[PDB]
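Chains as they are written, first to last, in the deposited numbering: chain qa, 2 to 120; chain va, 2 to 129; chain db, 2 to 96; chain xa, 15 to 84; chain fb, 44 to 257; chain za, 10 to 211; chain cb, 1 to 76.
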Amino acid sequence: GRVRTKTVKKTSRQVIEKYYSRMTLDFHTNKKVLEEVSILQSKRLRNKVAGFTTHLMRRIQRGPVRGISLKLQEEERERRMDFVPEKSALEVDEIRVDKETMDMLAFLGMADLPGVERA
Amino acid sequence: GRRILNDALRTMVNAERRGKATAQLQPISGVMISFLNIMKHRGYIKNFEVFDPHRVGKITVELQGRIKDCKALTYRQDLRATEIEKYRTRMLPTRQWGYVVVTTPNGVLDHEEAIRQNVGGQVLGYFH
Amino acid sequence: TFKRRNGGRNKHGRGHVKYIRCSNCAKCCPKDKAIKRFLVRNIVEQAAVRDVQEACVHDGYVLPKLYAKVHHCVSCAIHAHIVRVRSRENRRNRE
Amino acid sequence: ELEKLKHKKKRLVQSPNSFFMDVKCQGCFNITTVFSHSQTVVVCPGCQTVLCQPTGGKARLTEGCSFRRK
Amino acid sequence: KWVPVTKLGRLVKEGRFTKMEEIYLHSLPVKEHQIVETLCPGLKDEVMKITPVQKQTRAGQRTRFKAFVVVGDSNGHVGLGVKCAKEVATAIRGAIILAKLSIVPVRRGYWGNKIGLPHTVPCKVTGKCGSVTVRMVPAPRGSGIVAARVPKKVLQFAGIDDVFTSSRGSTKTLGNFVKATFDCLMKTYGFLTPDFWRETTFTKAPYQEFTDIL
Amino acid sequence: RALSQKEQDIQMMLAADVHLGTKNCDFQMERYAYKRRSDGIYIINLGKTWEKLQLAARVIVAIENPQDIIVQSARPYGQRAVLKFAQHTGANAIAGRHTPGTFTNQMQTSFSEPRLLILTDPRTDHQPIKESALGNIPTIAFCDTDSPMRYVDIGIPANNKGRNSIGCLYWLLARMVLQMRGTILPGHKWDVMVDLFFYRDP
Amino acid sequence: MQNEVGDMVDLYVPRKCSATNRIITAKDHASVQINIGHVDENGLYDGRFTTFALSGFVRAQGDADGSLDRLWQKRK
RNA sequence: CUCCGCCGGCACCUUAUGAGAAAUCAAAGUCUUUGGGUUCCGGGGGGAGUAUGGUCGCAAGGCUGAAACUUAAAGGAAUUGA
Ligand SMILES: [Mg+2]
Ligand SMILES: [Mg+2]
Ligand SMILES: [Mg+2]
Ligand SMILES: [Mg+2]
Ligand SMILES: [Zn+2]
């Protein structure tokens with residue numbers, strides 16, 4: 002009977018968007034982090050959201066996570082986004098196809114190709 | 002049974018309404034090709050093949066999408082050149098376009114031709 | 002309104018289908034309309050199979066199996082939950 | 015061109031699927047004309063062996079009966 | 044004020060259109076109703092029927108009013124709007140919004156002789172909506188609009204001057220009846236007339252002509 | 010002697026296995042499939058594929074502002090293809106889920122009036138098809154031998170369910186549109202290599 | 001179209017589908033207008049394009065693609 | 001037995017660009033842009049497939065078959081609720 006509502010979870014994700022390197026695993030530390038970085042109207046809601054963000058830490062710190070977006074992780078995912086092999090891994094020097102895949106080329110007039118071989 | 006000049010026109014309407022480029026017709030007729038001559042004269046279909054190898058025949062017309070409806074009035078009427086005037090209003094969309102094709106002793110011809118030659122006959126059909 | 006395409010029975014190209022008897026109420030319903038399941042049950046359920054392999058005199062003996070093709074009418078099938086009332090859309094599929 | 019798989023009477027100008035074939039046997043080195051869909055057993059005038067067996071479609075040839083379309 | 048959200052709305056706001064001929068000729072979706080005031084200035088709107096529809100719930104039966112408004116200038120643009128809402132006035136407003144969005148072009152024709160401005164419908168046209176069907180047949184000059192009060196009130200907006208109306212099906216259901224009338228109008232530019240026979244020279248779409256301002 | 014752009018590009022597609030359709034076919038695009046292998050899957054005339062690729066490239070280039078073109082791929086085999094295609098052509102890719110109402114709901118947060126819509130698959134991306142049918146939005150779709158190609162203006166006959174084919178085909182469109190606009194001056198040299206478009210899975 | 005005076009009375013002579021010749025009405029939101037560019041020489045483009053228009057009917061059939069193709073094989 | 005194609009069957013699955021009051025239908029489409037040919041058959045609900053007459057049948061009954069009077073709805077499809 003302890004499921005957190007949207008006023009909790011939306012706020013937890015939104016605050017964890019912005020303040021990552023400035024908040025940590027420890028519940029009480031996150032409490033006092035949130036004191037200076039947000040204004041709420043109840044200490045129990047403060048505790049509630051801090052206690053949701055702390056296991057948001059304990060999930061983020063080990064694996065990726067849904068929508069919430071952080072520069073310190075998106076930039077690295079972009080750095081490993083944009084790499085290539087030293088040369089294109091798929092090589093055209095050898096292509097092994099069958100009679101009708103050759104009929105392709107023969108109908109296109111191309112009985113002779115580099116790197117196309119009979120199975 | 003078969004009572005063609007309907008089997009041709011309904012095929013043509015179906016082909017046009019589906020947007021097909023050419024429609025072919027399994028029986029032919031001197032009357033059928035004389036009807037298509039009226040269409041082609043009045044510029045509703047373009048040229049066409051008449052496959053006459055040996056049998057009843059076969060035809061292939063190419064549709065230009067310029068036709069909109071074409072029909073046969075089987076139960077072919079009697080029709081005076083004094084009283085087409087209330088078939089043209091009864092069937093054709095308006096008094097400017099559309100043609101009613103009536104067979105007359107001068108062969109197959111549309112109703113505007115029938116006004117000027119002043120000869121009546123039997124309704125073969127219409128197109129507009 | 003027509004509840005089903007085929008009427009609840011698969012009868013095409015025929016005029017008469019030989020009837021059969023419900024296995025529960027013995028109602029005469031056509032063979033192409035009766036809910037027909039080929040139940041193949043164990044002679045005993047798996048909590049009493051070790052105990053019979055500990056009593057078969059000749060080793061390597063496998064338990065026979067009850068093969069029987071039970072028929073039900075629609076009334077008894079519904080009542081015994083052989084089949085269930087499905088939604089207007091889910092009704093159609095045959096899987 | 016599909017006009018050979020297409021039906022016999024639905025082609026543009028309908029044409030038969032059959033043909034006359036000159037059959038020449040092994041036992042009688044003469045030539046006899048037979049129809050593709052024979053419908054009747056036919057025997058070589060000399061050797062009297064059967065050339066074909068009627069069937070619902072093309073007639074069945076006997077072993078060692080070489081035939082040329084014509 | 045406006046702050047338009049459709050790029051058609053943007054172009055209309057800088058005023059690089061003049062009349063709805065181009066939007067019609069390019070079949071663009073009109074999505075903000077405040078295009079059409081600035082593109083059709085002489086626009087007149089009248090509601091005809093407020094019929095109350097009733098959904099019934101646990102507590103009782105909850106009533107809504109739906110409005111059927113016809114908008115249009117008497118020069119070939121007419122539009123039909125239907126809108127269901129809790130209150131009569133807001134139903135009127137939403138209906139008039141959708142109606143000014145549903146302005147469509149109606150082409151006119153002559154009966155036999157092409158002198159004067161076009162007055163009657165070009166030919167025989169049939170519109171169907173549910174069970175009711177309406178036909179407009181061309182009429183000679185000065186015969187008026189022979190039709191029921193509803194389609195006559197549609198056509199007096201559409202600008203049609205003379206026309207013969209033949210209807211089938213339940214004409215009492217005013218929703219379907221006026222919607223069939225409107226469907227029978229908005230398809231009068233659906234008729235391949237010999238007068239259209241010359242193949243069309245294309246015109247740049249608004250997007251690619253006013254691209255640089257996007 | 011030399012090779013043609015035909016030669017190199019057809020080799021690239023033979024290599025990335027684009028010519029192989031699937032077991033079925035649709036009467037709409039049977040005109041592209043050439044013959045069947047006895048195993049049962051169809052194969053596509055890659056010459057006709059490249060003809061349609063030129064068709065699509067000319068349609069892309071005739072767009073004044075490439076910021077008004079949207080390309081989509083709901084198959085996770087194509088997100089890395091589409092964003093790399095987008096950053097090169099200047100288009101605007103929407104990879105991942107397509108929120109319904111993107112093209113009609115005017116005061117939706119994700120609203121747009123695209124000049125053109127490119128899709129990796131009419132089958133999977135059938136929602137953008139339906140919204141394009143309401144928004145006057147011409148469409149270029151990557152049709153396989155199973156593609157129900159209703160509401161498709163230009164359909165590239167090609168395999169679009171492979172680790173390599175989706176990466177390859179967008180790279181062809183990338184190079185061809187870039188040749189058309191001249192950013193890579195005449196000469197088969199282009200400084201982007203294909204294996205970038207292949208999606209890099211974790 | 002033409003009044004007997006010669007004046008032209010009807011508005012937006014509507015565009016016609018290039019592939020089926022039925023006319024695109026003012027609310028066929030399933031109608032599109034393709035632009036296919038022309039490539040000449042070094043540079044391989046200028047703002048010279050051919051234009052095609054398709055009604056909702058042709059797209060809805062699905063045969064819009066074949067129409068674009070078979071109308072693109074016209075030469076000049 | 002595997003593959004491909006023809007006809008002629010019994011059907012089925014997807015889609016409207018169609019039709020329909022809709023349910024739904026690839027035939028219930030090609031219908032106000034109304035006309036391929038032909039037979040039977042309906043004209044609000046009852047009274048009623050009743051009375052009477054005829055006719056067939058061993059009989060049960062079948063075929064053919066009204067009126068007086070009465071009535072403002074009866075009915076079809078789909079929606080929400082209960
Ligand atoms: Mg049978
Ligand atoms: Mg029976
Ligand atoms: Mg009665
Ligand atoms: Mg009911
Ligand atoms: Zn039972």
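We put the CB at the ideal spot given by N, CA and C, even for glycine.
Nearest candidate by alpha-carbon position, reference residue i, set the options
{"i": "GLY185 of chain fb", "options": "fb:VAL206, fb:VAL46, fb:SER174 and fb:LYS196", "result": "fb:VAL206"}
{"i": "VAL175 of chain fb", "options": "fb:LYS44, fb:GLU130, fb:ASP226 and fb:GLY152", "result": "fb:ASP226"}
{"i": "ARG96 of chain va", "options": "fb:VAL73, fb:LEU82 and fb:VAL164", "result": "fb:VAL164"}
{"i": "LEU6 of chain va", "options": "va:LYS47, va:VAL101, va:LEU80 and va:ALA73", "result": "va:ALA73"}
{"i": "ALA60 of chain cb", "options": "za:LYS61, za:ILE138 and za:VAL27", "result": "za:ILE138"}
{"i": "residue 83 of chain cb", "options": "fb:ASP204, fb:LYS56, fb:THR244 and fb:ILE158", "result": "Within the shown structure, residues of chain cb are numbered from 1 to 76, placing residue 83 of chain cb beyond reach of any answer."}
{"i": "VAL58 of chain cb", "options": "cb:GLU4, cb:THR51 and cb:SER18", "result": "cb:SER18"}
{"i": "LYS170 of chain za", "options": "za:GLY30, za:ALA24 and za:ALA11", "result": "za:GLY30"}
{"i": "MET92 of chain va", "options": "fb:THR231, fb:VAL180, fb:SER210 and fb:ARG150", "result": "fb:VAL180"}
{"i": "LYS49 of chain qa", "options": "qa:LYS11, qa:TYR20, qa:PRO115 and qa:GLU92", "result": "qa:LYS11"}
{"i": "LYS59 of chain va", "options": "va:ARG77, va:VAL103, va:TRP98 and va:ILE34", "result": "va:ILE34"}
{"i": "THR154 of chain za", "options": "za:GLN14, za:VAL186 and za:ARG45", "result": "za:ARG45"}
First and last residue of the uninterrupted beta strand (DSSP E) at residue i
{"i": "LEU125 of chain za", "result": "125-128"}
{"i": "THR104 of chain va", "result": "100-105"}
{"i": "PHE28 of chain qa", "result": "Segment 28-38 is the alpha helix (DSSP H) holding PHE28 of chain qa; no beta strand (DSSP E) there."}
{"i": "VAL9 of chain qa", "result": "Element bounds for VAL9 of chain qa: not the beta strand (DSSP E) but the alpha helix (DSSP H), 7-19."}
{"i": "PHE151 of chain za", "result": "148-152"}
{"i": "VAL68 of chain za", "result": "Note, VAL68 of chain za: premise wrong, no beta strand (DSSP E); alpha helix (DSSP H) at 55-70."}
{"i": "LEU123 of chain fb", "result": "120-128"}
{"i": "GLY115 of chain fb", "result": "104-116"}
Closer than 8 Å to chain za by CB, residue i
{"i": "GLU101 of chain qa", "result": "yes"}
{"i": "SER55 of chain cb", "result": "no"}
{"i": "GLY64 of chain qa", "result": "no"}
{"i": "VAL48 of chain fb", "result": "yes"}
Cutoff 8 Å: residue i Cβ touching any chain va Cβ
{"i": "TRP45 of chain fb", "result": "no"}
{"i": "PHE52 of chain cb", "result": "no"}
{"i": "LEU26 of chain xa", "result": "yes"}
{"i": "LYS167 of chain fb", "result": "yes"}
Residue-level contact to chain xa via CB, residue i, 8 Å cutoff
{"i": "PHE52 of chain va", "result": "yes"}
Element boundaries [alpha helix (DSSP H), containing residue i]
{"i": "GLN88 of chain za", "result": "88-98"}
{"i": "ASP104 of chain qa", "result": "100-108"}
{"i": "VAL57 of chain va", "result": "Taken as a continuous stretch (DSSP letters only), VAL57 of chain va belongs to no alpha helix (DSSP H), as it is neither H nor E."}
{"i": "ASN38 of chain va", "result": "31-42"}
{"i": "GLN136 of chain za", "result": "135-144"}
Chain cb contact for residue i (CB, 8 Å cutoff)
{"i": "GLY44 of chain va", "result": "no"}
{"i": "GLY164 of chain za", "result": "yes"}
{"i": "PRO72 of chain fb", "result": "yes"}
{"i": "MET179 of chain fb", "result": "no"}
Below-8 Å beta-carbon distance, residue i vs any chain fb residue
{"i": "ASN101 of chain za", "result": "no"}
Any chain qa beta carbon closer than 8 Å to residue i
{"i": "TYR43 of chain za", "result": "yes"}
Cβ-based contacts, 8 Å cut-off: residues of the segment 64-75 of chain cb near chain za: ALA64, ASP65, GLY66, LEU68, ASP69 and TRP72
Chain za contacts made by the segment 74-96 of chain qa, where a contact means CB separation under 8 Å: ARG81, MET82, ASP83, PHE84, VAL85, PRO86, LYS88, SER89, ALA90, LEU91, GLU92, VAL93 and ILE96
Contact set between the segment 10-29 of chain cb and chain fb, restricted to residues whose Cβ is under 7 Å from the partner: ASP10, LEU11, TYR12, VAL13, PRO14, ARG15, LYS16, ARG22, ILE23, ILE24, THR25, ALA26, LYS27, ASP28 and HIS29
Chain za contacts from the segment 242-254 of chain fb (Cβ-Cβ distance under 8 Å): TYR250, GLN251 and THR254
Residues of the segment 114-146 of chain za with Cβ closer than 8 Å to any Cβ of chain fb, in chain order: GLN115, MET116, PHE120, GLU122, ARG124, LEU143, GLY144 and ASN145
Cβ-based contacts, 7 Å cut-off: residues of the segment 86-116 of chain va near chain cb: none
Quiz: which residues have CB nearer than 6 Å to ligand 5 non-hydrogen atoms: db:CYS23, db:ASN25, db:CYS26, db:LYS28, db:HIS73, db:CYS74, db:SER76 and db:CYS77
Below 7 Å from a heavy atom of ligand 2 - residues by beta-carbon: db:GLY16 and db:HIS17
Residues, ordered as in the chain, of the segment 140-171 of chain fb that lie near chain va by beta-carbon distance below 8 Å: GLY152, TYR153, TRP154, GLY155, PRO165, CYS166 and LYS167
Contact list for the segment 104-125 of chain fb against chain cb, Cβ threshold 8 Å: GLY119
Interface residues of the segment 219-243 of chain fb facing chain va [CB-CB below 7 Å]: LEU235, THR236, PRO237 and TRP240
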